[PDB]
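First the structure, in the form of structure tokens, and then the observations on it.
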Ligand SMILES: Nc1ccc([N+](=O)[O-])cc1C(=O)O
Ligand SMILES: Nc1ccc([N+](=O)[O-])cc1C(=O)O
Ligand SMILES: Nc1ccc([N+](=O)[O-])cc1C(=O)O
Ligand SMILES: Nc1ccc([N+](=O)[O-])cc1C(=O)O
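Chains as they are written, first to last, in the deposited numbering: chain B, 214 to 425; chain D, 214 to 425; chain H, 6 to 425; chain F, 6 to 425.
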């Protein structure tokens, strides 16, 4: 999201006082627009939460980076400042909507900006997963000793290389021991990891002996 | 000015809703700190305005640059964000004070930040400037046709290479045709340019034939 | 409005030809699309479409530019590829690799000549111009028109010892541009369909069939006579295996023909390359020989099946071989295509003068960059003038090319002024 | 508190010595300070002062690190320079350019030897250690202690054909470090003053006096006899002009001696270099000869005056010459020095055991990096053990160095806990 302001002025000629939303310094308007987007983000996850067979998708937002002007010539404030946002999508949201949504958040503040997407990937739910799920479940119950439970929403609202498999029709699910790095956990238990090897192994022996 | 927050989290795990000033994302707190500093800036110029024989110094402030995180890895918001500020000083202000002021503005918000100065230069008023002032004036009156008038506050509140000369005891003043580029003007009138050449010349003929 | 732009296009009839030949003359085989990409970039910049370079490599990249719209309308993407089929020296595949047709373009009469024009600068020139006509005629559109010129459209794929920058194609192609921002509500891929639109294309799977034999012997010790299928020389067994696969191939297209809304998909097979032993040490025949097969897939076939099928052909001959797949792509039928189909149809009827007819099965059974869009939820179909280069046509009629530019234009005006 | 830190310093006396020799041993003539800066950077980093490299060039830079304080107190700057006077091969200026003393450092007895230790790693070693003591003894400071180690302290200046990276010194030196963030409320420059503090130093102006004669003649045609002052050989007239200037030099210091609060400034003159013609084509005497003079200035002398004086000395001999200044720096007396002066004085009395006395005139009549601090409004004075290298002393007493470290530490404890 790049927001335009201006005109640039040598610091000695900068006009004050001025309202933030009307600053010529685009960093200032960006300060306002950043706070607007933060509230939109709070609602975005709630509005776009979706329940799927595979799990429940809570798609969150974050502003990963900011940069306006250059640190080595600051005598003139910048006529434009940009932010880079990471917006997750449930498998059924079209990125053009979300763009149009953020375009809206901008329009509501009366700001002029360029909302341009530089990344798009699709999220998937596995189809035809039953054979793997079942093989997985039998092994898990044998080794872990109890039924498998629904995963936490974050683990279903991120990127895992299951999306490429599913994208290409290879049913895929994600499963392993320990707690997620994004959380973030910092260690694994040798016993769990040893179990996980047992489960993988057993899953393979069941499934690989089923005829497609 | 670098403001600290955290901890970083993979976007699927970012916690909301949270107050701007308590955000884990340092870009968000910076958003708040920018708006506080903008008001401080509004007052800074009024308080530190100083009238001198040479001119009236109205020292302004501007945020020339901002940057937090990097545009090519935004999946994790940054635990710190930075802004680069350009603060002008009248010839009589000690920069350590201004740092402490900005340090204070940060403390009023309960933020943790590092305020560090990476440039300091001094502004000067000419002493013993009279001979040149007088020589200039006669030439000006002869060519332009009227007395010289007080310069605008911006032209006395910037950086010009008069400061080095005065710093080293070579009395110096600044004078030329057209209006300041920071203003910003985009052209010169050739007649004006021709007049300025005569004044420079006459000033020289006057001043250079006086014994120091 | 529509008549304003139509008349405008006739204003640029020469410009249409010039951009086509100028583009067509650039040597741009897959692996060297860079010079052509650079040309389109300047053309795009020169006309105020404000392009960007999206690519994995600094000499192989896609060009994305767009004609901004007033706001709140559907956005339509226009797409064509920079690369061309034949390298300057492709003596490996063509008996006369030096024909003028393979590497140049020229206006010899009301037609434009050049394989590099049919595939694919003729169509790219058509819509490159239509964006020009719309902008210059100040047409009213609420939605953006995205101008995507891509690389690596053609089916060159790295295999074995050929990996990396020189051999990549569709992986760094349009699917890259889209995945990195070149998205719209709909997308029309401009290629030669003979003014018949198609919204289905085929996937593909490439198999490297390697057959084992032996043992190798210095030529003076080679044992004969021996039955072909029992030969120690793997080139010999491969000869037998090649004939079996040729028949399997004959049936494959028949068994797997499937009818779709987008077209009727006839999936064909071909043995694209063969190689066993090395030409510079032939004193010992080789214990193994390989072939590389190109098998198309209709949108509903799973490649693992086909692998098992070809694996079967081998097992029936009592041969031992290794069937390993080194490429897999999926074909799609457009979903939610109707707005574009309709928008397209109205223009077609107005300009060409009759309804659209079903595309030929070859045009529905190949790879076109509609599959990436559809893969990513951008309803996409393919339509352009002329007959397919794979056919292979060697020219375009400037009149046909002009019409197609009009159809591109009129479609944009219709569709871009509809709300999604 | 004070006793805690004192016992600590006796804890690091060997580290005090090791740091000096290790530092003294590094070959770091002006122009090659890089190796030593790197040493200090790592030393500073190792001890948590979180250093930074401030410099114009990546091999000639200053190191600024700081011992952070609790808050709301005055901040004190400690300064010393990285470079040393003599390069390894300085056969031009020294009769025995190979003396062990000029280029190494060693612990031969309760004293440390080496021109590179006296000037100036002995003092740098002192306060570097003092900072270590405070941090390690967890002493309480409300204000930061800034550790500034700089390059280009020594009076090497580019001239004529000697320009650029190799010949630059103080322009890229401490004044650079300060103008780019190494600012404090007060600053103490640690150099050998003999435990006497001085807060005034002298300016300087460098003149290149070139005298013209002629016309050139091949030696066999040189005209003799001729009076010296009328000689065609410019080296001969210069011989006369050198003796006139030497007599002017004797008087200059007497006339311009000035007494200041910080000290008594006795500004001397010297002819540092001469050169006329070239050693590899001597068959023709030269039509011009040059000398390079180093003239010190009290803070109140205008460099333009001294030039006219020397121009005059030339005119009185009826010589025609070109007097042009190629360096001008200003000398300053500290203003607002009282807080540091007192803070210093108290520590001195406690450790040295008697009141401080006025410094020797040379130590107030030189260039020290106090001028840059004072120029920019940071009150600064210089104090350290031993006698000046220009003298030149060749060693330090490990006891005195330990005392100096105690004084630095105590000064910091006092001064840093005052609110500005
Ligand atoms: N797939 C992942 C991608 C990124 C991160 N992260 O913390 O940035 C974590 C995971 C994960 O698997 O937990
Ligand atoms: N000294 C100056 C420095 C910068 C700028 N500027 O507008 O970028 C202008 C001036 C000026 O002299 O007006
Ligand atoms: N997409 C294509 C890919 C390859 C070839 N070819 O003949 O090399 C033609 C087409 C085409 O568009 O007709
Ligand atoms: N600052 C100095 C600069 C140069 C010399 N020297 O003798 O060459 C000595 C000192 C000194 O501090 O004594």
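All C-beta atoms in this analysis are idealised placements derived from N, C-alpha and C, irrespective of residue type, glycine included.
Self-check item: 7 Å Cβ cut-off: residues of chain F touching residue 309(D)
Solution: Chain F residues near residue 309(D): 188, 190.
Practice problem: Report the partner residues of residue 328(H) according to the DSSP bridge assignment. | Solution: 214(H)
Quiz item: Which whole-angstrom value is the C-beta distance of residue 388(B) and residue 349(B), which I expect to be below 8 Å?
Solution: 6 Å
Quiz item: Counting pairs of beta carbons, one from the region 294–312 of chain H and one from the region 268–279 of chain H, are three or more of them closer than 8 Å?
Solution: Flag = yes, the region 294–312 of chain H and the region 268–279 of chain H touch.
Practice problem: Give the single residue among 65(H), 46(H), 57(H) whose Cα lies nearest to the Cα of residue 38(H). | Solution: Closest in C-alpha terms to residue 38(H), from the list 65(H), 46(H), 57(H), comes 65(H).
Quiz prompt | Length-filtered (3 minimum) beta strand (DSSP E) runs lying within the region 161–209 of chain H | solution = 191–194
Practice problem: Say yes only if the C-beta of residue 394(H) is nearer than 8 Å to one or more non-hydrogen atoms of ligand 3, and no if none qualify. | Solution: yes
Quiz item: Does the beta-carbon distance from residue 257(H) to residue 60(H) come in below 9 Å?
Solution: no
Quiz item: Quick one: is the Cβ of residue 336(D) within less than 8 Å of any heavy atom of ligand 2?
Solution: Incorrect: residue 336(D) has no Cβ contact closer than 8 Å to ligand 2.
Self-check item: Contiguous alpha helix (DSSP H) assignments of at least 4 residues, all confined to the region 15–55 of chain H
Solution: 18–30, 39–51
Exercise. Give me the Cα-Cα distance between residue 335(B) and residue 376(B), rounded to the nearest whole angstrom.
Key: 7 Å
Quiz item: Between which two residues does the beta strand (DSSP E) carrying residue 84(H) extend?
Solution: 81–86
Quiz prompt | Proximity test, Cβ basis, 9 Å: residue 381(F) and chain D | solution = Taking Cβ atoms only, chain D reaches closer than 9 Å to residue 381(F), which makes this a yes.
Quiz item: Does the distance from the CB of residue 390(H) to the CB of residue 200(H) come in under 9 Å?
Solution: Contact: yes.
Practice problem: Just the chain D side, please: which residues come within less than 7 Å of residue 227(B) by C-beta, in chain order? | Solution: 273, 275
Quiz prompt | chain H contact residues for residue 331(B), given Cβ-Cβ distances below 8 Å | solution = 185, 186
Quiz item: Do you know whose CA, among 405(D), 284(D), 312(D), lies nearest residue 353(D)'s CA?
Solution: For residue 353(D), the nearest C-alpha among the options comes from 405(D).
Exercise. Determine, using beta carbons only, whether residue 224(B) comes closer than 9 Å to chain D.
Key: Interface residue, yes.
Quiz item: What in chain F is Cβ-close to residue 334(D), meaning under 8 Å?
Solution: 184
Quiz item: Should residue 16(F) be listed as close to ligand 4, given that the test is whether its C-beta is under 8 Å from any heavy atom?
Solution: no
Self-check item: At least three beta-carbon pairs within less than 8 Å, the region 317–334 of chain F to the region 364–371 of chain F
Solution: Remark: fewer than three beta-carbon pairs, one from each stretch, lie closer than 8 Å, so the region 317–334 of chain F and the region 364–371 of chain F are not flagged as touching.
Quiz item: chain B partners of residue 415(D), CB-CB under 7 Å?
Solution: Near residue 415(D) there are no residues of chain B at all, since even the closest Cβ is about 30 Å away, more than 7 Å.
Quiz item: If we count the other Cβ atoms within 10 Å of its Cβ and call it buried at 16 or more, is residue 13(F) buried or exposed?
Solution: buried
Quiz prompt | Segment contact, 8 Å Cβ cut-off, at least three pairs: the region 188–199 of chain H with the region 167–176 of chain H | solution = Touching, no.
Quiz item: When DSSP builds the beta bridges, which residues end up paired with residue 281(B)?
Solution: 294(B), 279(D)
Quiz item: Which chain B residues sit within Cβ distance under 9 Å of residue 385(D)?
Solution: Neighbours of residue 385(D) on chain B: none; closest Cβ ~18 Å, over 9 Å.
Exercise. Answer with buried or exposed for residue 290(D), where buried requires no fewer than 16 other C-beta atoms within 10 angstroms of its C-beta.
Key: Buried is the label assigned to residue 290(D), since at least 16 other Cβ atoms lie within 10 Å of its Cβ.
Quiz item: When the Cα atoms are used, what is the spatial distance from residue 396(F) to residue 197(F)?
Solution: 11 Å
Self-check item: Amino acids of chain D, ordered along the chain, whose beta-carbon sits closer than 7 Å to that of residue 255(B)
Solution: 229, 230
Quiz item: When you compare only the Cα positions, how much space is there between residue 50(F) and residue 394(D)?
Solution: 45 Å
Quiz prompt | Residues that residue 398(H) bridges to, as DSSP identifies them | solution = Looking at the DSSP output, residue 398(H) sits in no beta bridge, so it has no partner there.
Practice problem: Using 8 Å as the cut-off, classify the Cβ of residue 371(B) as near or not near the heavy atoms of ligand 1, replying yes or no. | Solution: Yes; taking the cut-off as 8 Å, the Cβ of residue 371(B) has a heavy atom of ligand 1 nearer than that.
Self-check item: Inter-residue Cα distance where the pair is residue 292(H) and residue 127(H)
Solution: 47 Å
Self-check item: Which of helix, strand or coil DSSP assigns to residue 67(F)
Solution: strand
Quiz prompt | Test: residue 425(B) CB closer than 9 Å to a CB of chain H | solution = yes
Quiz item: Quick one: does residue 305(D) have its CB under 9 Å from some CB of chain B?
Solution: The Cβ of residue 305(D) sits no closer than 9 Å to any Cβ of chain B.
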